[PDB]
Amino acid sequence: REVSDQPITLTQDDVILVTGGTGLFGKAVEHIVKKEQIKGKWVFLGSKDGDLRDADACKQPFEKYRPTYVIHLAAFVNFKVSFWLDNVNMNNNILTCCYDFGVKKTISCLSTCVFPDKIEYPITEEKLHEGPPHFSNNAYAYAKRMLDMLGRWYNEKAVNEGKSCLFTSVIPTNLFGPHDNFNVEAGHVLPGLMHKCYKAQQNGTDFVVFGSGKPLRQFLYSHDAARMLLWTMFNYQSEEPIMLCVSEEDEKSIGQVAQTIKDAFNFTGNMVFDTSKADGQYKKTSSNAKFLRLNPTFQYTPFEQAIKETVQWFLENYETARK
């Protein structure tokens, strides 16, 4: 079945290798692991630790740390050629090292933006390969598609050779939280609005939002994503990707996001919407039905509570935050 009869129980002898562990998602995983006293030696790799696109450099952390579990979060996010080569080489290397070094379970990370361009909503995991992705990021998208397929192919090989190697994947939708990229120009909508509001509070200016503020998105707190990913590691046995998102009823509009940010900074000035900028797509809804059916009692952090925590982290660490 999709979930093991009993959860995997980590011990002090287990080693968990987390590629791309220094970003938004990795830092949340590290935060939950320490907070919940999850056992094992957790190794959070960054680029400083080695170029995973090179096959030889990629095995060095496997030879060094001898992992029993792998959480594969690294990606390259410039010519489309480079996005294809860099990502497909890294993914091919990591999964191959995971099989060769006898990793018990490997969990990789897909993305909402790799699904078919022509797709009927809500996006469900089963639609991943049902048509070409959008043209605009199709190199990144196809490399993610082939990360999923390579996992299924290594499962076939493991079954054939009697090896105990499991490959699966998760699909987070719009993460936000501490250790995000808060650049107003380059960063994601939610972290950038936090920085714009704070500058409006420090200065005398108005909080300006690009667009009408009406498009609705599903936003997942990074700490929640980490709890969902860890549950997946402990319990989820299927090779099918599992979507990690909030329900549709929990989708906030951009204006709601901006308003929540203002009231978390205790911002008193005016907040205006610049409708010169064209509005993005109105809704791009992902279904959390699978996670809801397999882990029905999961509790999310309410959006307002999550914004207060990120603003609070962002305020306490502004000097050291990525901007």
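Sequential numbering from 1, following the sequence displayed.
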item: Gap size, residue 78 back to residue 77 (deposited sequence, no coordinates); value: 4 to 9
item: Of 214-222 and 146-154, the one with larger mean CA B-factor; value: 214-222
item: Higher-scoring stretch by recorded Cα B factor average, 291-299 or 271-279; value: 271-279
item: Out of 60, 47, 68, 286, residue topping the C-alpha B-factor column of the entry; value: 47
item: Among 115, 167, 234, 207 - the residue whose C-alpha B-factor is largest in the record; value: 207
item: Third of the chain's Cα B-factor distribution that residue 83 belongs to, per the entry; value: middle
item: Cα B factor band for residue 178 (lowest, middle or highest third within the chain); value: middle
item: Lowest, middle or highest third - CA B-factor, residue 92; value: lowest
item: Chain-wide C-alpha B factor ranking for residue 130, given as lowest, middle or highest third; value: middle
item: Record-listed C-alpha B factor of residue 110: chain third; value: middle
